[PDB]
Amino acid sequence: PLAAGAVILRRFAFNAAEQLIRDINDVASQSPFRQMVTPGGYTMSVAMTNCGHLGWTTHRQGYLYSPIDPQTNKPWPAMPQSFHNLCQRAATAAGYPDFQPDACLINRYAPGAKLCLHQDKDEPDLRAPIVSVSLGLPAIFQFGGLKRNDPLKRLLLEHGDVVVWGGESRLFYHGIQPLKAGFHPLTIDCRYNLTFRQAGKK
């Protein structure tokens, strides 16, 4: 048990990974990866894009979900069926049979790239979990608690691993340590992560 409400499902997406990676390439050929700039003016080391009906984005004013890619001025690409199917099966296996994501943020890590501890809290309906799928190079995941200083668990996430948090762990701090260089036959020299969220409704 990763924490109350939280599971790691090791190698859960390993058989779906080839198709997932083809579809990430397709998503990116419409809304390219870009390193976004925080409100305070720093360029993130992780490159990002989104698919689905809502996409996570930084603004001068803060963070937000938008139906429009602000770089292309066009809707984000539709969420691929391969993504939505894997998400629905991982959710179900982790105990969240009703999750309906309408947003998928896609992170790409080059060697050196990191994601500092943060909370996912931009979603209006905190009852829905987050589903996180890992592809390519391995990375160390930090998973804390409700307070930034709460002790961290560190876990290696390998190609195909899926983590799901929700309920009591929904607002826990988490992040990614600087990516080590290396080789993966499917991604060559990077790691991808797909994070599914329910970002609309109410």
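We number the residues from 1 along the sequence you see.
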{"query": "Of 74 to 82 and 124 to 132, the stretch whose C-alpha atoms average the higher B-factor in the entry", "finding": "124 to 132"}
{"query": "Average Cα temperature factor in the PDB entry - higher stretch of 94 to 102, 110 to 118", "finding": "94 to 102"}
{"query": "Out of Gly166, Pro151, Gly55, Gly160, highest CA B-factor residue", "finding": "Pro151"}
{"query": "For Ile176, the third of its chain into which the C-alpha B factor falls", "finding": "lowest"}
{"query": "Ranked against its chain, the third holding the CA B-factor of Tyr192", "finding": "lowest"}
{"query": "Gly41 CA temperature factor, ranked by third within the chain", "finding": "middle"}
{"query": "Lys147, C-alpha B-factor rank within chain (lowest, middle or highest third)", "finding": "highest"}
{"query": "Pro32 - Cα temperature factor, lowest/middle/highest third of chain", "finding": "middle"}
